[PDB]
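Given next are the chains, with one letter for each unit.
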Amino acid sequence: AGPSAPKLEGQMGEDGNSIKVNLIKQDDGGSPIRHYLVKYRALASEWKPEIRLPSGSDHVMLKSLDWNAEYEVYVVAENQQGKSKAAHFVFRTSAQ
């Protein structure tokens, strides 16, 4: 039970490996949502030191990743009355 997994919109910075993951909400039940659990990995190493967002954020970010590499970002959310499944955002970095 609980909210539905967030929708992750991808904004890539012209730096080549600067990634902003925007967390769009849709169904929670009056938005009783609490922060996000964000963990991501690349096509080289898995699960990097994950991060927990503030209690009610808008996005999560990662900077200075491997060039010409693929990345997987998994974002879970918490809610007053339980947890909300993980949504998966996938992208690739630019070339150095």
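Residues numbered from 1 in each chain as written, not as in the entry; some residues may be left out. Heavy atoms only, no water.

By the method listed in its record, solution NMR, this PDB entry was determined.

As for the side chain of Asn79
Mapped onto the elements, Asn79 comes out in strand β6 (residues 70-79). Polar side-chain contacts of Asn79 include one of 3.0 Å to the backbone oxygen of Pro32. (Helix = DSSP H or I, 4+ residues; strand = E, 2+ residues; numbered from the N terminus. Polar contact = N/O pair within 3.5 Å; in protein donor to acceptor, adjacent residues only side chain to side chain.)

What about the sheet that holds strand β2 (residues 18-24)?
Strands pair in a sheet through their backbones, by hydrogen bonds, and they do so in one of two ways: parallel or antiparallel. The sheet built from 3 strands is open, its strands ordered β1-β2-β5 with antiparallel pairing. Only two strands of the sheet have a single partner each, and these edge strands are β1 (7-13) and β5 (59-63). The sheet shows a mean angle of 20° between the axes of neighbouring strands, taken without regard to direction. (Pairing = 2+ DSSP bridges. Axes fitted to C-alpha atoms, helices over the stretch in contact; angles between N-to-C directions.)

Considerations on the nonpolar core
Counting 21 residues, the largest nonpolar core has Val21, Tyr36, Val73 and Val75 as the members making the most contacts within it. Mapped onto this core, the elements with two or more residues apiece are β2, β3 (33-42), β5, β6 and β7 (82-92). Looking at this core, the element that brings in the most residues is β3, giving 5 residues. Setting aside residues no more than four positions away along its own chain, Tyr36 makes contact with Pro6, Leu23, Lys25, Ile51, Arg52, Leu53, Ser57, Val75, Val76 and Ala77. (Core = buried A, V, L, I, M, F, W, Y, C linked by side-chain atoms within 4.5 Å. Buried < 20%, exposed > 50% of the residue type's maximum accessible area, 1.4 Å probe, protein only. Contact = heavy atoms within 4.5 Å.)

Comments concerning unusual backbone geometry
The backbone phi angle of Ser31 is positive, close to 45°, even though this residue is not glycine. Tracing the chain through its elements places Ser31 in the loop between β2 and β3. Judged by relative accessible area, which is 41%, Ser31 ranks as partly exposed. Here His35, not a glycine, exhibits a phi torsion of approximately 35°, which is positive. Summarising the element assignment, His35 is placed in strand β3.

Section: the sheet that holds β7
Judged by pairing direction, the sheet is antiparallel, and its 4 strands sit side by side in the order β4-β3-β6-β7 without closing on themselves. Unpaired on one side and paired on the other, β4 (51-52) and β7 mark the two borders of the sheet. As judged from the 9 bridges shared by β3 and β6, these two strands associate in the antiparallel manner. Note on β6: the bridge partner recorded for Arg41 is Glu72.

Description of the packing of aromatic side chains
To describe a pair of aromatic rings, you give the distance between the ring centres and the angle between the ring planes. Enumeration according to the criterion identifies 4 aromatic pairs in this entry. With a centroid separation of 5.5 Å and 35° between ring planes, the pair formed by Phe89 and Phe91 is classed as tilted. What links up through ring pairs into an aromatic cluster is the set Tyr40, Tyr71, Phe89 and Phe91. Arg41 extends its terminal NZ or CZ atom over the ring of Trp47, reaching a point 5.3 Å from the ring centre. (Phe/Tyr/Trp six-rings, centres within 6.5 Å; stacked < 30°, edge-to-face > 60°. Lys NZ or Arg CZ within 6 Å of the ring centre and 35° of its normal.)

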